[PDB]
Amino acid sequence: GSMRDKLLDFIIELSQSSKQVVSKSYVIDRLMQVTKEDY
Amino acid sequence: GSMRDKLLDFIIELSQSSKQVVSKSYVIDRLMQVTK
């Protein structure tokens, strides 16, 4: 659902960039946003 | 559930790596595997 859509949007964000390497800290930050829940 | 677990696993893997930048194609491939 929502998490999967957020994951796909992050994949699109990576795919649309011309960069060949990306900041690891940025990837981690974004994935923590993708997985964030409310408890 | 499982998608969250798999992404947490990937976050932990990245966190244990000494790399500061990583292959974008590698990240995309790993994340695409999770979308299945």
# chains A, B, ... in the order shown; residues from 1 in each chain; ligands from 1
$ interface_residues --of "chain A" --to "chain B" --cutoff "8 Å" --atoms "only C-alpha atoms" --output "tab-separated table (two decimals) with N, CA, C and O atoms, in the first residue's frame"
chain	number	residue	atom	x	y	z
A	4	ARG	N	4.61	0.76	0.00
A	4	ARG	CA	5.08	0.32	-1.31
A	4	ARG	C	5.08	1.48	-2.31
A	4	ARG	O	6.00	1.60	-3.12
A	7	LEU	N	8.04	3.53	-1.57
A	7	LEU	CA	9.25	2.88	-2.04
A	7	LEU	C	9.41	3.08	-3.54
A	7	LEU	O	10.49	3.45	-4.02
A	8	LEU	N	8.34	2.85	-4.31
A	8	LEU	CA	8.42	3.05	-5.75
A	8	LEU	C	8.77	4.50	-6.09
A	8	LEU	O	9.55	4.75	-7.02
A	11	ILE	N	12.43	4.85	-5.70
A	11	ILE	CA	13.09	4.25	-6.86
A	11	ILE	C	13.05	5.20	-8.05
A	11	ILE	O	14.03	5.34	-8.79
A	14	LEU	N	15.60	7.99	-7.62
A	14	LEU	CA	16.94	7.56	-8.01
A	14	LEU	C	17.05	7.44	-9.53
A	14	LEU	O	17.99	7.95	-10.14
A	15	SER	N	16.07	6.80	-10.15
A	15	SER	CA	16.16	6.49	-11.58
A	15	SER	C	16.21	7.75	-12.43
A	15	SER	O	16.84	7.75	-13.49
A	19	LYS	N	23.02	10.82	-11.75
A	19	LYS	CA	24.17	10.45	-10.93
A	19	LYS	C	24.39	8.95	-11.00
A	19	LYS	O	23.45	8.16	-11.06
A	20	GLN	N	25.66	8.56	-10.98
A	20	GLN	CA	26.06	7.15	-11.01
A	20	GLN	C	26.27	6.56	-9.62
A	20	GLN	O	26.12	5.35	-9.44
A	21	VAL	N	26.66	7.39	-8.65
A	21	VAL	CA	26.78	7.00	-7.26
A	21	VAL	C	25.98	8.00	-6.45
A	21	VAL	O	25.74	9.14	-6.88
A	22	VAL	N	25.54	7.58	-5.28
A	22	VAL	CA	24.70	8.42	-4.43
A	22	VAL	C	25.20	8.33	-3.00
A	22	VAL	O	25.81	7.33	-2.59
A	23	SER	N	24.92	9.38	-2.24
A	23	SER	CA	25.31	9.42	-0.84
A	23	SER	C	24.62	8.30	-0.07
A	23	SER	O	23.40	8.18	-0.09
A	24	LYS	N	25.42	7.50	0.64
A	24	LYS	CA	24.84	6.42	1.43
A	24	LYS	C	23.95	6.97	2.54
A	24	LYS	O	22.87	6.43	2.81
A	25	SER	N	24.41	8.03	3.21
A	25	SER	CA	23.59	8.62	4.26
A	25	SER	C	22.25	9.09	3.72
A	25	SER	O	21.22	8.97	4.40
A	28	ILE	N	20.00	6.04	3.23
A	28	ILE	CA	19.51	5.59	4.53
A	28	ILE	C	18.41	6.51	5.03
A	28	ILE	O	17.36	6.06	5.50
A	31	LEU	N	15.16	5.81	3.10
A	31	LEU	CA	14.53	4.54	3.43
A	31	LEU	C	13.92	4.58	4.82
A	31	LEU	O	12.87	3.97	5.07
A	32	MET	N	14.54	5.30	5.76
A	32	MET	CA	13.91	5.46	7.06
A	32	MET	C	12.62	6.27	6.95
A	32	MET	O	11.67	6.01	7.69
A	35	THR	N	9.97	3.74	5.53
A	35	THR	CA	9.52	2.74	6.49
A	35	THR	C	8.86	3.34	7.73
A	35	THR	O	8.41	2.58	8.59
$ select_by_dssp --residues "chain B" --states "alpha helix (DSSP H)" --output "list in words"
residues 2, 3, 4, 5, 6, 7, 8, 9, 10, 11, 12, 13, 14, 15, 16, 24, 25, 26, 27, 28, 29, 30, 31, 32, 33 and 34 of chain B
$ atom_distance --atom1 "atom CA of residue B:2" --atom2 "atom CA of residue A:16"
26.9 Å
